[PDB]
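One chain is shown next in C-alpha cells, namely the form deposited in one PDB entry.
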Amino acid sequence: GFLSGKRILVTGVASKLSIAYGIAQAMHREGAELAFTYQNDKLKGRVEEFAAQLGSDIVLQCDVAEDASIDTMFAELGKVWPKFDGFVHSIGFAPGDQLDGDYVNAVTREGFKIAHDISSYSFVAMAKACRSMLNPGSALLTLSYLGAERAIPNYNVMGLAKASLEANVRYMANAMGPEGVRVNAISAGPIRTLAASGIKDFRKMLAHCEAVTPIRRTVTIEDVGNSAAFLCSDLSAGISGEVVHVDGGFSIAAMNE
C-alpha cells in the first residue's frame, strides 16, 4: 500500500468507535507498521487486543498530562523503533461541567486550563519528546473540529482549545518542515455514533448535519481514516500546516435551510 515501509505510532484508541481505530485500520490496510499507546490500565486490554488484530504488539502507556509519561513512552518505543515516521494525535479532554449551557457561565479557569493542556499542548509535547527519532519524510497528524472556527452551542471551551490546536499545527509545521517533518490536522464532522457524548445535544447536531450537508450524510471513521492515511503518506509531501475539512462540505454551506 502507499504506507508500506512506514512505522506510525497511533494514539487515542479507546473503542471500535474511536476515530483512531478507523485511522489504524486504514493505515494498516495501506501497509504501515503501527504502534499503539493507551491512557490507563482501564483501556490497556482493549488496545492490546486491537493492536494484535492489526499485527502489532507495541502497546505502551501514555498519559499526555504527564511529561514523564511521555518521555518514558518514547524511551520504550525507541528500544524497538529507534526511528519512526511520525504519529497520529487523536486525544482530547475537558470536564463535563464545561460543555453544558452558556459558555460564559460554564467556563472556569481550571476547565479552560485542562481543556487546553490535554487538547492542544499535548500535541507539541509529543513532538518535543520524539523529535530526535523522527525520520525525514515523517508526518504528524491531529484531529480538530469546526468548533474551533465557529461558535458552536455547548462546544464552549473545547472550541478555544481546538483553535489553540490548529494554531499549534501551523507553528509546529513551520518549526519542523526544514528538517523533513510535515504537520497537519483533519477537521472532521461529527461522527454518527451510538455511544454518548460530552457535547450536549450531540444527537441533534448529527441530525441537522445530515440534512444540510452537501453530500447529505455524516462522515465515517472510514472517511476520516482514509484521509489520515493519505495525509501521513508520502503522497501528501506537498501538504503541511494544513487543516483539511473532512465533513462532506458542511462548513462551506449556509442557510441550506
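For clarity, a rigid core is taken as the largest C-alpha set superposing within 1.5 Å between two forms. Shifts are known only where both forms have a C-alpha. Residue numbers here begin at 1 and follow the sequence given.
The next section is about a form of this same protein that is not shown, the form deposited in another entry.
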item	value
Core-superposed comparison between the shown form and the other one: the option from 220, 193, 69, 213 whose CA moves 2 angstroms or more	193
Shift in CA distance, residue 198 and residue 121, in that other deposited form relative to the form shown here, given it is 3 Å or more	farther
Pairwise C-alpha change, residue 112 versus residue 195, in that other deposited form against this form - closer or farther, 3 angstroms or more	closer
Consecutive stretches, 3 or more residues long, displaced between the shown form and the other one (C-alpha shift of at least 2 Å once the core is aligned)	192-199
